[PDB]
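Engineer: The structure follows.
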Amino acid sequence: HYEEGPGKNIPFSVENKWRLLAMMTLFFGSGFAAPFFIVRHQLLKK
Amino acid sequence: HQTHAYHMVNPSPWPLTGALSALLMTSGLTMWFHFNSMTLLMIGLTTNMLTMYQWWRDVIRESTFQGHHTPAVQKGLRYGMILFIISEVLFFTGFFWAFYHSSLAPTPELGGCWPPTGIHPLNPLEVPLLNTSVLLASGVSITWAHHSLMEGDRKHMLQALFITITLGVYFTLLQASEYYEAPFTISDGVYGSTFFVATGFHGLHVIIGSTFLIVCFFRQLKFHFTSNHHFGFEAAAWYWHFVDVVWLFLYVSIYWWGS
Amino acid sequence: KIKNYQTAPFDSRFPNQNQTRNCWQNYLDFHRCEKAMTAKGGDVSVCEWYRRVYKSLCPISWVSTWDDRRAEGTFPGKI
Amino acid sequence: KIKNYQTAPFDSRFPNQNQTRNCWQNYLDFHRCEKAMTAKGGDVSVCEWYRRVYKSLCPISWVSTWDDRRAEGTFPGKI
Amino acid sequence: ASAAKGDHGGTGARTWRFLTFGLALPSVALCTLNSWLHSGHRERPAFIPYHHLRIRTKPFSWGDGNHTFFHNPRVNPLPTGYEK
Amino acid sequence: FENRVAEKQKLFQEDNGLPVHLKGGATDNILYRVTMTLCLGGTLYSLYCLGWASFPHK
Amino acid sequence: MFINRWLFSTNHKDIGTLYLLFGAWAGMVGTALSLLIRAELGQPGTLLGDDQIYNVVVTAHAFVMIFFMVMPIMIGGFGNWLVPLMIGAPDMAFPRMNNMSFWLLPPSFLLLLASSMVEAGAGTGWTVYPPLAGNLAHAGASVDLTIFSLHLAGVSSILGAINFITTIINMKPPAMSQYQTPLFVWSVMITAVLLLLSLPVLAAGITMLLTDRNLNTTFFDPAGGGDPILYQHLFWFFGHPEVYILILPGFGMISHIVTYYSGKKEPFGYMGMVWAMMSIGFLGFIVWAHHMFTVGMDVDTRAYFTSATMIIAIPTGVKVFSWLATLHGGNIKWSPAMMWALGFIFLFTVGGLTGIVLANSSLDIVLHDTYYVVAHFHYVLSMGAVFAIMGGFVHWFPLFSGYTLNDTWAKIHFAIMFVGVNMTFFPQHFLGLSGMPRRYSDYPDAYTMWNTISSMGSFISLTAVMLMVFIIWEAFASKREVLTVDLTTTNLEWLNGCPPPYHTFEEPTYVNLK
Amino acid sequence: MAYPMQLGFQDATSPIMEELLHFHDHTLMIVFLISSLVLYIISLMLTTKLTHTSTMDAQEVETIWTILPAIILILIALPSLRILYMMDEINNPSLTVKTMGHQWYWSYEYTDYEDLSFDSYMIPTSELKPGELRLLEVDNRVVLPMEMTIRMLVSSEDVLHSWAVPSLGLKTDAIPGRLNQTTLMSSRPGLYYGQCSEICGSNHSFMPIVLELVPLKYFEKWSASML
Ligand SMILES: CCCCCCCCCCCCCCCCCC(=O)OCC(COC(=O)CCCCCCCCCCCCCCCCC)OC(=O)CCCCCCCCCCCCCCCCC
Ligand code: HEA
Ligand code: HEA
Ligand SMILES: CCCCC/C=C\C/C=C\C/C=C\C/C=C\CCCC(=O)O[C@H](COC(=O)CCCCCCCCCCCCCCCCC)COP(=O)(O)OCCN
Ligand SMILES: CCCCC/C=C\C/C=C\C/C=C\C/C=C\CCCC(=O)O[C@H](COC(=O)CCCCCCCCCCCCCCCCC)COP(=O)(O)OCCN
Ligand SMILES: CCCCC/C=C/C/C=C\CCCCCCCC(=O)O[C@H](COC(=O)CCCCCCCCCCCCCCC)COP(=O)(O)OCC[N+](C)(C)C
Ligand SMILES: CCCCCC/C=C\CCCCCCCCCC(=O)O[C@H](COC(=O)CCCCCCCCCCCCCCC)COP(=O)(O)OC[C@@H](O)CO
Ligand SMILES: CCCCCC/C=C\CCCCCCCCCC(=O)O[C@H](COC(=O)CCCCCCCCCCCCCCC)COP(=O)(O)OC[C@@H](O)CO
Ligand SMILES: CCCCCC/C=C\CCCCCCCCCC(=O)O[C@H](COC(=O)CCCCCCCCCCCCCCC)COP(=O)(O)OC[C@@H](O)CO
Ligand SMILES: CCCCCCCCCCO[C@H]1O[C@H](CO)[C@@H](O[C@H]2O[C@@H](CO)[C@@H](O)[C@H](O)[C@@H]2O)[C@@H](O)[C@H]1O
Ligand SMILES: C[C@H](CCC(=O)O)[C@H]1CC[C@@H]2[C@H]3[C@H](O)C[C@@H]4C[C@@H](O)CC[C@]4(C)[C@@H]3C[C@@H](O)[C@@]21C
Ligand SMILES: C[C@H](CCC(=O)O)[C@H]1CC[C@H]2[C@@H]3[C@H](O)C[C@@H]4C[C@H](O)CC[C@]4(C)[C@H]3C[C@H](O)[C@]12C
Ligand SMILES: C[C@H](CCC(=O)O)[C@H]1CC[C@H]2[C@@H]3[C@H](O)C[C@@H]4C[C@H](O)CC[C@]4(C)[C@H]3C[C@H](O)[C@]12C
Ligand code: CUA
Ligand SMILES: [Cu+2]
Ligand SMILES: [Mg+2]
Ligand code: NA
């Protein structure tokens with residue numbers, strides 16, 4: 001069986017709030033950054 | 001322990017393999033259409049077949065072998081199949097809409113008439129009529145198969161089901177031959193477009209339907225069905241009637257009225 | 001003669017925003033009439049009205065394409 | 001001119017035993033043509049073929065009734 | 001409608017089998033007779049390069065890109081006409 | 001043919017803690033590993049194809 | 001154990017969590033795209049390039065916000081999490097198929113990203129109209145990857161619809177009739193019915209565009225006797241129901257939030273609310289041509305579509321007044337969720353009203369394809385749908401996670417967002433009335449002031465989005481565990497604690513028939 | 001054209017656009033009234049310590065909020081449909097002009113008598129003469145006779161485009177293989193601008209429409225000289 005309770009019903013860990021901040025930063029940051037880099041990609045092709 | 005009658009399904013990998021196989025097939029179609037390669041498509045079709053095979057195998061294991069299909073579970077599966085068929089009906093509706101739109105207001109490029117100038121339609125009284133008698137006949141034989149199963153008659157259920165399948169195959173072979181013989185092609189304007197895409201998707205459904213019936217035939221051979229519990233057969237029969245009704249609309253609309 | 005045409009008048013047969021058929025019809029009519037007159041020994045001046053109307057309504061590229069096709073033998077319409 | 005007519009030839013548009021529309025169509029065609037020619041300043045001789053065909057096919061009483069009705073203003077066909 | 005036969009006292013397996021062999025299959029046999037009679041290759045019409053037919057906006061992803069999937073040499077002309 | 005459903009019922013109800021998709025035996029394992037390998041490998045390959053198509057080959 | 005739980009899930013809660021995560025990520029992508037749009041229009045001139053790269057951005061912004069953010073969050077996230085709990089069900093009818101609806105989304109999203117990576121992207125508008133979207137004006141794989149993305153998202157939603165309808169009809173307690181289920185459950189079922197009926201038509205239509213592009217069919221090509229307008233009919237037949245699919249679950253959550261924070265045990269006029277959602281769902285299938293008032297249709301067809309479209313204001317009006325009537329006499333709790341709901345009621349009404357202005361085919365001649373339309377839909381989507389999602393998120397976050405957010409920070413988040421979206425979209429009404437066209441990378445000089453103010457408002461919204469990420473972090477970082485929740489007698493989803501155990505309702509609820 | 005900081009519609013140049021302005025004023029008042037009424041009621045519900053949390057009956061007040069909106073919708077539909085039908089009235093034009101959309105410019109054809117036709121491209125910003133409008137000027141304007149009923153036929157030779165002139169209340173999609181009709185009638189002489197209103201690719205933002213309305217006499221001379 002699986003772990004249950006606050007902080008245990010999720011695919012990411014919230015054991016360390018700083019490691020968590022790193023996770024969330026990469027997660028949400030990669031999403032927000034993607035369009036900018038795709039725009040850069042399109043501009044650097046021609 | 002649970003005190004409800006519903007099915008708590010074991011964690012399964014098939015939803016993921018199925019989703020990935022969808023990515024491989026669409027990626028694959030793109031590679032084929034634009035980068036002249038069928039590698040991705042081949043892998044996609046293979047993992048798709050493997051996913052469906054294992055997923056449905058597990059459903060049989062959960063029901064026939066483990067007894068998880070209580071009346072409540074079976075009731076839900078009934079709604080599920082009816083809903084699926086409804087969405088299939090709406091899919092075809094889009095193709096019929098395209099057909100009527102084009103045929104009721106023939107544009108000047110067609111000669112302002114329907115069928116377009118240069119198009120020589122198949123005779124609806126020849127193979128298309130035969131195809132119609134074939135599917136209607138299979139609708140009768142599958143009903144005999146259903147009653148035989150309910151009456152606990154194994155031999156006649158198998159016999160009727162075999163006849164139903166043979167008829168579906170006959171239709172498929174006839175259609176394949178008609179496709180080859182047709183003087184018009186999919187590239188012959190909107191007439192060929194509507195004709196081949198609509199009858200083509202219908203032919204695909206006949207193949208899917210026949211396969212479903214074949215699965216039932218072998219599950220029957222293996223004594224999976226009881227005279228009272230045989231949802232797989234019921235679903236296959238509902239799907240088969242759907243395929244039959246879509247053909248009747250195609251026959252009347254495209255082959256007859258549209259000629 | 002019974003002319004003095006400004007532009008193609010309202011035609012009750014084609015009263016809506018889509019005027020595609022109006023152009024098509026008149027183009028057909030002119031070429032059918034022109035063929036009948038050139039054949040039976042008569043004058044194409046009777047086909048004038050249709051010529052003026054289709055000329056007024058039909059995009060130049062349409063008329064040009066249709067003309068090219070009638071010459072090529074690939075015009076889909078009946079003339 | 002282009003004639004030397006014996007009788008109305010086979011017409012692929014009316015290949016069946018019921019020939020009612022063949023007569024009607026040619027009667028309409030002649031009177032439509034005759035109206036177009038007498039109008040735009042031309043000659044009715046171009047309409048000859050239709051006249052010969054309908055005269056050959058149409059019962060005298062039908063032509064007679066239709067003629068009376070065109071005169072009376074009660075002809076239901078479009079001319 | 002009501003057809004032209006009768007039963008209805010109880011539509012069961014025997015009845016549906018009766019319909020399968022007494023009505024359905026015979027119908028299929030007749031239509032199979034009719035079809036494998038009115039067949040015979042009808043003479044292919046003269047080719048006319050109509051612009052609304054033999055469409056080619058992008059080559060097909062198979063063969064030489066100019067032949068339809070179920071191309072029949074005998075009855076399907078290419079945009080340039082029938083084949084040799 | 002003879003009715004062997006009871007044998008299959010015994011096998012699939014055997015308390016061995018295996019999920020239904022692997023409860024049939026060693027073959028289930030193989031088929032699963034084949035399926036998953038083709039899926040993940042095929043996905044990696046599609047990513048590679050995307051990378052290739054993303055750039056012009058002038 | 002990690003893989004079995006998160007990749008092989010057959011649990012409605014975990015699957016709902018995956019959807020919420022996916023939708024949150026998609027929201028960041030959609031926000032970035034909206035920033036690129038407003039950066040390009042922030043001052044006269046060209047920033048990124050011509051209309052192609054600009055419209056590839058506009059097109060992706062729409063697809064991401066609609067298909068990857070709103071639908072996954074509302075239906076897949078809140079739907080999966082709450083529906084089973086609200087009817088006391090042990091899980092969804094098809095728990096395994098439910099997992100596939102989720103897993104089809106990442107591949108679908110990958111195809112969308114692929115389409116913008118290859119060639120020059122698909123700069124067609126989210127409506128993907130041919131011939132611009134055809135193989136001559138948009139040669140290459142881009143548009144084909146876009147169509148495939150829609151196919152996968154389509155299959156995901158259709159299977160999801162089948163699962164929700166079956167669960168809602170078949171898995172309520174024996175004594176509970178359909179007229180005893182919460183309004184959110186009603187909103188999800190109706191939404192599922194709209195999805196089941198509309199997506200297959202879209203699928204038919206985009207498949208025909210695919211064949212026109214790759215198999216030489218000519219459904220939309222006049223050269224073969226086709227018609228570009230046929231595509232529009234097929235698209236919009238799905239397109240209008242789609243906008244109601246985007247707002248219905250929102251209406252459902254608003255009913256729960258307004259009732260809850262008004263300290264009421266029930267929403268005002270329950271049966272009228274059910275009637276209203278059903279009517280809206282029905283009417284939503286017979287008004288599609290209002291997206292085609294300038295294509296050249298007969299005047300009678302246009303008079304019909306104008307009339308049919310306005311009727312929806314009646315049932316929608318019943319819902320608005322019922323929400324106000326639920327607030328009436330309440331012991332109002334000014335929580336952050338309530339704020340989002342109150343903003344929704346007002347802002348959605350404004351957006352709906354401008355929709356009624358657009359319903360008039362006469363006026364629409366001048367407003368069509370201008371920023372007046374963009375203003376209308378962003379009030380109902382970026383304020384309506386989004387506020388419902390934010391309200392539901394702050395209200396149920398404690399339930400899903402077991403932790404509480406900081407209310408003050410959440411109220412600050414609401415204030416910033418409220419200013420941002422209004423500053424962004426209100427001026428767009430002026431731009432529309434005055435004639436600024438949609439899908440333009442640059443505009444005539446006269447439109448400069450309003451475009452400048454609109455782009456500044458979009459930056460304020462960005463600040464709100466960044467703050468929200470921090471707020472969620474702070475909740476998980478501090479770990480304030482939930483103890484008690486009020487009104488559980490009329491909010492069954494909270495009755496199993498926060499978060500509820502993996503398996504809930506193993507022993508079903510007891511409900512007498514009397 | 002639109003001017004800096006404009007809030008509403010461009011001034012009406014045709015009788016029909018005038019008609020739309022009054023219909024919009026009528027509709028907008030209702031929009032303001034309903035939206036402010038809703039905002040007011042929200043504030044009213046939220047500003048009292050008095051409570052009533054027991055079950056409230058609804059089959060009474062729902063008659064009010066069903067009949068009222070129904071009446072209001074009819075009050076909007078009546079003038080809306082009157083205008084709709086008015087735009088469809090048979091008017092019998094004195095001139096027919098065709099316009100074909102292209103990627104990315106418009107071509108015009110005046111083929112009633114002579115076979116006159118020309119392309120109309122946007123003047124590049126680098127090329128504007130002092131005082132000219134950026135993105136709005138074209139090399140060849142659509143010269144038309146003022147105070148006359150003109151039939152405009154719109155189509156396209158490639159992708160979809162849309163021919164619009166806001167000051168005249170016009171917007172007709174340009175669809176390949178289709179000939180859409182609209183009628184134009186300017187109450188005044190002058191220059192009237194519009195822009196392509198259907199996404200058509202790379203230069204969708206840069207293919208404007210400029211109408212030049214002059215008296216019949218000048219229209220004729222211009223006709224001749226443009227041979
Ligand atoms: C941000 C830029 C602002 C620029 C302002 C105008 C400058 C005028 C100079 C100088 C002014 C005088 C000289 C010019 C007169 C031109 C008359 C004209 O041609 O007339 C037509 C024009 C102009 O209309 C006007 O006559 C302007 C009306 C402005 C109403 C503003 C409500 C604003 C609320 C909060 C501030 C805005 C942001 C939040 C908005 C939140 C949603 C409303 O075009 C419109 O129709 C624009 C509006 C479209 C429809 C929106 C409908 C629902 C809106 C609000 C309901 C609020 C109810 C509660 C009461 C309000 C509660 C908050
Ligand atoms: C749901 C739909 C949605 C949403 C929310 C938005 C939001 C925004 N949109 Fe819009 N937009 C569309 C759908 C949407 N849009 C569509 C359909 C089009 C038409 C496309 C076409 O023409 O083809 C369009 C077009 C469009 C244009 C017109 C482009 C043109 O015609 O040239 C502009 C211009 O300013 C614009 C701007 C913005 C901005 C600044 C926002 C900002 O308000 C965004 C602010 C950020 C958010 C509101 C996201 C927050 C949500 C989350 C991050 C989830 C959080 C996670 C949890 C709570 C779990 N959008
Ligand atoms: C959440 C999404 C959503 C919702 C719910 C709606 C709701 C409505 N929409 Fe909107 N609409 C869109 C999303 C949405 N729309 C999008 C995305 C587009 C553009 C697509 C594109 O081109 O890309 C669009 C486009 C659009 C057009 C096409 C305009 C054009 O392209 O030229 C029209 C036309 O009629 C329209 C009308 C309406 C109407 C009448 C409603 C009605 O449902 C609103 C009813 C609500 C009210 C009226 C307010 C509450 C009522 C009261 C307080 C009662 C009293 C009121 C009266 C008496 C009037 N919409
Ligand atoms: C024997 C009868 C049964 C029909 C199907 C059997 C074999 C064909 C292979 C797959 C067909 C499946 C669905 C139909 C899709 C396109 C129409 C095909 C119907 C067909 O087979 O039409 C043929 C064209 O083949 C063509 O291009 C076909 C080219 C094959 C490539 C398939 C293209 C794949 C596109 C699929 C889109 C998938 C999207 C579906 C989404 C579903 C909902 C999300 C007709 O042949 P022809 O030579 O033009 O004329 C005959 C002249 N003698
Ligand atoms: C020109 C166009 C061309 C294209 C046309 C193409 C094809 C034509 C169309 C159709 C023909 C095809 C196949 C027909 C054959 C079999 C279908 C199966 C039906 C069947 O056999 O149904 C049975 C009974 O009826 C039941 O389901 C009854 C219960 C049904 C439940 C599912 C429905 C729920 C979905 C939403 C509800 C709608 C609400 C209506 C009110 C709305 C008001 C506006 C099975 O039982 P069950 O589910 O346990 O229900 C228990 C109730 N006795
Ligand atoms: C286009 C826009 C349209 C504009 C909208 C117009 C809004 C309508 C305006 C007024 C509605 C008038 C309703 C009158 C109801 C009387 C209220 C009352 O007082 O509420 C109850 C009645 O129950 C009941 O109807 C149940 C309680 C009240 C039921 C109605 C209250 C809801 C009213 C709406 C709330 C505001 C939202 C307005 C929406 C715009 C009280 O019960 P009793 O006195 O028997 O028991 C108390 C015991 N005694 C006997 C000792 C006193
Ligand atoms: C259905 C019960 C409700 C009853 C309400 C009626 C609503 C729809 C049914 C009516 C359809 C037949 C009407 C055709 C008669 C007109 C002939 C015609 O010509 O209409 C044509 C299109 O019709 C077409 O495809 C029509 C194509 C169909 C579009 C309708 C969409 C609804 C389908 C979804 C419903 C799912 C049902 C599930 C099936 C069991 C073309 O359009 P025109 O504007 O003429 O263009 C010609 C111009 O050159 C001149 O202006
Ligand atoms: C060349 C051929 C390849 C082409 C691709 C597709 C190929 C084959 C598709 C054929 C479908 C096969 C389905 C087999 C399902 C077997 C499992 C089954 O039928 O499972 C049954 C449940 O029904 C269930 O889940 C019902 C399951 C519903 C499945 C029906 C779905 C059809 C799939 C269509 C997919 C394509 C869509 C169209 C594309 C545009 C098990 O319950 P019972 O029967 O009551 O047994 C219990 C008793 O024994 C107790 O005593
Ligand atoms: C360009 C090409 C695009 C290609 C996209 C392809 C997308 C996916 C491809 C791979 C998917 C195939 C894998 C098999 C799926 C079977 C689902 C199924 O059979 O699901 C069943 C439920 O749906 C039911 O019955 C009834 C519903 C049956 C649905 C069958 C699934 C077919 C998927 C295609 C749908 C197309 C949509 C049609 C409309 C256009 C069973 O439910 P489970 O939760 O499993 O178990 C519950 C247990 O109690 C059973 O004992
Ligand atoms: C929603 C369900 C639908 C899913 C998608 C349907 C997938 C359809 C697959 C079609 O695949 C094929 O592709 C080919 C093209 O490569 C063929 O080979 C051929 O193509 C060639 C390659 O150029 C030639 O060498 C040969 O002659 C030959 O005909 C071919 O037989 C066929 O199998
Ligand atoms: C073997 C089995 C009898 C029952 C049993 O398995 O004990 C018999 C009875 C009826 C079945 C047959 C049916 O009569 C229908 C078919 C008729 C034949 O022409 C070919 C095989 C055929 C497809 C079947 C094969 C046969 O082996 C079956 C399966
Ligand atoms: C828009 C659609 C045609 C789509 C197409 O061209 O493919 C057509 C088909 C049938 C039409 C409807 C039917 O002809 C019945 C009605 C006729 C009235 O004159 C207008 C509304 C009316 C309700 C029509 C509206 C609209 O023009 C419909 C719905
Ligand atoms: C009859 C039905 C359910 C009542 C119940 O069983 O509780 C109720 C629910 C909502 C009601 C409708 C809504 O209140 C909206 C409308 C209100 C008007 O007062 C009468 C008609 C009106 C259209 C109502 C008719 C009828 O009383 C409905 C449809
Ligand atoms: Cu031309 Cu936009
Ligand atoms: Cu709509
Ligand atoms: Mg448009
Ligand atoms: Na710009």
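Identifiers for the structure tokens are assigned positionally: chains receive A, B, ... in sequence, residues are indexed from 1 per chain, and ligands are indexed from 1 in the order shown.
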Just want the residues within 7 Å of ligand 9, written as a ChimeraX atom specification, counting only C-alpha atoms and all ligand atoms.
Structural biologist: /B:7,9,15,18-19,21-22,25-26,48,51-52,55-56,59,62-63,68-69,73,77,80-81,84,87-88,91 /G:93-98,148,151-152,155,158-159,200,203
Engineer: For those residues, write C-alpha atoms to a file as a CSV table (one decimal), in the first residue's frame.
Structural biologist:
chain,number,residue,atom,x,y,z
B,7,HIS,CA,-14.7,-2.6,-9.2
B,9,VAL,CA,-9.0,-1.9,-10.7
B,15,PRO,CA,-3.3,3.5,-20.2
B,18,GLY,CA,-2.0,3.3,-25.0
B,19,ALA,CA,-1.3,7.0,-24.7
B,21,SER,CA,1.1,4.4,-28.9
B,22,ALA,CA,-1.2,7.3,-29.9
B,25,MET,CA,0.9,6.8,-34.5
B,26,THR,CA,0.3,10.5,-35.0
B,48,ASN,CA,-1.4,0.0,-30.1
B,51,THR,CA,-2.0,-2.4,-25.6
B,52,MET,CA,-5.5,-3.2,-26.8
B,55,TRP,CA,-6.1,-4.3,-21.8
B,56,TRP,CA,-9.0,-6.3,-23.0
B,59,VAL,CA,-10.9,-7.1,-18.6
B,62,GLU,CA,-11.3,-9.5,-14.1
B,63,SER,CA,-14.7,-10.6,-15.2
B,68,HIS,CA,-15.5,-8.5,-10.6
B,69,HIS,CA,-18.5,-7.8,-12.9
B,73,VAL,CA,-20.4,-3.0,-12.9
B,77,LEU,CA,-20.4,-0.9,-19.0
B,80,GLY,CA,-20.2,3.2,-21.5
B,81,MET,CA,-20.8,1.3,-24.7
B,84,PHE,CA,-19.2,5.4,-27.2
B,87,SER,CA,-19.9,9.6,-30.2
B,88,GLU,CA,-19.3,7.4,-33.2
B,91,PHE,CA,-18.3,11.4,-36.0
G,93,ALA,CA,-16.7,3.9,-13.4
G,94,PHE,CA,-13.7,3.2,-15.5
G,95,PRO,CA,-10.7,3.9,-13.3
G,96,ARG,CA,-8.2,2.6,-15.8
G,97,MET,CA,-9.6,4.3,-18.8
G,98,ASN,CA,-9.6,7.5,-16.7
G,148,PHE,CA,-2.9,15.5,-34.4
G,151,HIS,CA,-7.1,14.5,-32.1
G,152,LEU,CA,-5.3,13.3,-29.0
G,155,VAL,CA,-9.9,11.3,-27.6
G,158,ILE,CA,-14.4,11.9,-25.2
G,159,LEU,CA,-13.2,9.0,-23.0
G,200,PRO,CA,-16.7,14.0,-32.8
G,203,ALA,CA,-12.7,15.3,-35.3
Engineer: Write out as a PDB file with N, CA and C atoms, in the first residue's frame each polymer residue whose atoms come within 8 Å of segment 35-47 of chain E, counting only C-alpha atoms; drop sequence neighbours fewer than 6 positions from it.
Structural biologist:
ATOM      1  N   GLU B 126     -26.203  -2.925 -58.118  1.00  0.00           N
ATOM      2  CA  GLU B 126     -25.258  -4.026 -58.283  1.00  0.00           C
ATOM      3  C   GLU B 126     -24.533  -4.414 -56.995  1.00  0.00           C
ATOM      4  N   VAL B 127     -23.211  -4.259 -56.890  1.00  0.00           N
ATOM      5  CA  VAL B 127     -22.557  -4.674 -55.640  1.00  0.00           C
ATOM      6  C   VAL B 127     -23.037  -3.907 -54.411  1.00  0.00           C
ATOM      7  N   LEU B 130     -25.945  -5.646 -53.085  1.00  0.00           N
ATOM      8  CA  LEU B 130     -25.501  -6.915 -52.503  1.00  0.00           C
ATOM      9  C   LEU B 130     -24.918  -6.655 -51.097  1.00  0.00           C
TER      10      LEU B 130
ATOM     11  N   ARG E  74      -6.572  -0.070 -65.743  1.00  0.00           N
ATOM     12  CA  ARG E  74      -7.657  -0.228 -66.682  1.00  0.00           C
ATOM     13  C   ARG E  74      -8.696   0.895 -66.640  1.00  0.00           C
ATOM     14  N   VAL E  75      -9.010   1.421 -65.451  1.00  0.00           N
ATOM     15  CA  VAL E  75     -10.038   2.475 -65.357  1.00  0.00           C
ATOM     16  C   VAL E  75      -9.689   3.812 -64.714  1.00  0.00           C
ATOM     17  N   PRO E  77      -7.334   6.913 -64.930  1.00  0.00           N
ATOM     18  CA  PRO E  77      -6.297   7.635 -65.667  1.00  0.00           C
ATOM     19  C   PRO E  77      -5.493   8.527 -64.719  1.00  0.00           C
ATOM     20  N   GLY E  81      -3.632  11.264 -68.396  1.00  0.00           N
ATOM     21  CA  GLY E  81      -4.354  10.291 -69.196  1.00  0.00           C
ATOM     22  C   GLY E  81      -4.118   8.858 -68.773  1.00  0.00           C
ATOM     23  N   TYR E  82      -4.796   7.929 -69.441  1.00  0.00           N
ATOM     24  CA  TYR E  82      -4.647   6.510 -69.148  1.00  0.00           C
ATOM     25  C   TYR E  82      -3.221   6.018 -69.350  1.00  0.00           C
TER      26      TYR E  82
END
Engineer: Please write out the residues within 8 Å of ligand 17 as a VMD selection string, counting only C-alpha atoms and all ligand atoms.
Structural biologist: chain G and resid 39 to 48 440 to 443
Engineer: Within 9 Å of chain E, which residues of chain G show up? Give each one with its shortest atom-to-atom distance in Å (one decimal) and the two atoms involved, counting only C-alpha atoms, rows by chain then rising residue number, as JSON lines.
Structural biologist:
{"residue": "G:135", "atom": "CA", "partner": "E:57", "partner_atom": "CA", "distance": 7.4}
{"residue": "G:136", "atom": "CA", "partner": "E:57", "partner_atom": "CA", "distance": 7.7}
{"residue": "G:212", "atom": "CA", "partner": "E:57", "partner_atom": "CA", "distance": 8.5}
{"residue": "G:213", "atom": "CA", "partner": "E:58", "partner_atom": "CA", "distance": 7.4}
{"residue": "G:214", "atom": "CA", "partner": "E:58", "partner_atom": "CA", "distance": 6.5}
{"residue": "G:215", "atom": "CA", "partner": "E:60", "partner_atom": "CA", "distance": 6.3}
{"residue": "G:216", "atom": "CA", "partner": "E:56", "partner_atom": "CA", "distance": 5.9}
{"residue": "G:217", "atom": "CA", "partner": "E:55", "partner_atom": "CA", "distance": 7.6}
{"residue": "G:218", "atom": "CA", "partner": "E:55", "partner_atom": "CA", "distance": 8.0}
{"residue": "G:222", "atom": "CA", "partner": "E:52", "partner_atom": "CA", "distance": 8.6}
{"residue": "G:223", "atom": "CA", "partner": "E:52", "partner_atom": "CA", "distance": 5.5}
{"residue": "G:224", "atom": "CA", "partner": "E:52", "partner_atom": "CA", "distance": 4.4}
{"residue": "G:225", "atom": "CA", "partner": "E:52", "partner_atom": "CA", "distance": 6.8}
Engineer: Given a cut-off of 8 Å, what residues near ligand 5 show up using only C-alpha atoms and all ligand atoms, put as number ranges by chain?
Structural biologist: B: 74-79, 81-83, 85-86, 89-90, 92-93, 96-97, 237-247, 249-250; G: 165, 193, 278-279, 282
Engineer: Give the residue list for ligand 15 at 10 Å, counting only C-alpha atoms and all ligand atoms, as a list in words, sorted by chain and then by residue number.
Structural biologist: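 Here is the list of contacting residues: residues 236, 237, 238, 239, 240, 241, 242, 243, 244, 284, 285, 286, 287, 288, 289, 290, 291, 292, 309, 355, 358, 359 and 377 of chain G.
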